[PDB]
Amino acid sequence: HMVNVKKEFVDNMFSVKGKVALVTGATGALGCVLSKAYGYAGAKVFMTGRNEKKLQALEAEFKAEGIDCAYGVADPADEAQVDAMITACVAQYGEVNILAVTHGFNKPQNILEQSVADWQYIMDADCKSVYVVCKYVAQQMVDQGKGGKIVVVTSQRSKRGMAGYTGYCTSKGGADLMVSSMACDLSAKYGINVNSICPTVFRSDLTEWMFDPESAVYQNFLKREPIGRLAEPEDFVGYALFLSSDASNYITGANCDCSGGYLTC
């Protein structure tokens, strides 16, 4: 006759303690914040990116605070580099339990002025690289046989188009569907949950042209933000850790709204 919920489950459901979290784009604005948040929450953090100097600086900062972390240099669009990077993570920590995909690139340009090569450059850096990293990490999680969590950072641009964004919106719109299809491929058979988060823009990225009366960018975002402010990377730490823990075990194939209401107004 007792309610079907366990105190031990509730007390520990948000935990990532002792889990190995592999973070791509770890040197980025969101990547460095998520990497340190996983570390602060007790995960072993394996950071990856192309920028070795920035990875080394993060590793030193984190180790000084007792975070168990390491890094591997790799271009996420290059499958041989990604494969070798996962091998190094596995040699260091024995397994991969959580993957957070945060790397990305954009170069807005109207379709008329944007060459096919320039559109492809965005697709390779932002979309192909998501397939590469997810395929190779999912294979590693399958090989382990313990399930796993994959969190892909897309954008609110995955669901709304924008002038100059034929490259970025195709990549992000595609990645949200890639995520839903990966959940169809992996969740039931292997216990690997695959979800995306769709953020709005960060405040720091709009600071340069913020004081220009000729620019409406900063204003356009605020009229469209029911939350009442632009985001900071720390605003998505809760959602990412939620999607990386037992608390979200039933959640898969979702494209989570991190827009502060931009998507629903």
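Don't overthink the numbering: it's just position in the shown sequence, from 1.
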Taking the deposited Cα B-factors and averaging over 107 to 115 and over 152 to 160, the higher mean is found in 107 to 115
When the C-alpha temperature factors are averaged for each of 219 to 227 and 23 to 31, which stretch ends up with the higher value in the entry?
219 to 227
Identify, among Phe202, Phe46, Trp209, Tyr239, the residue whose C-alpha carries the highest B-factor in the deposited PDB entry.
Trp209
The third of the chain into which the C-alpha temperature factor of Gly145 falls is the highest
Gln92 - Cα temperature factor, lowest/middle/highest third of chain
highest
Third of the chain's Cα B-factor distribution that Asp126 belongs to, per the entry
highest
Here the Cα B-factor of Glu79, set against its chain, lands in the third termed highest
Chain-wide C-alpha B factor ranking for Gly72, given as lowest, middle or highest third:
highest
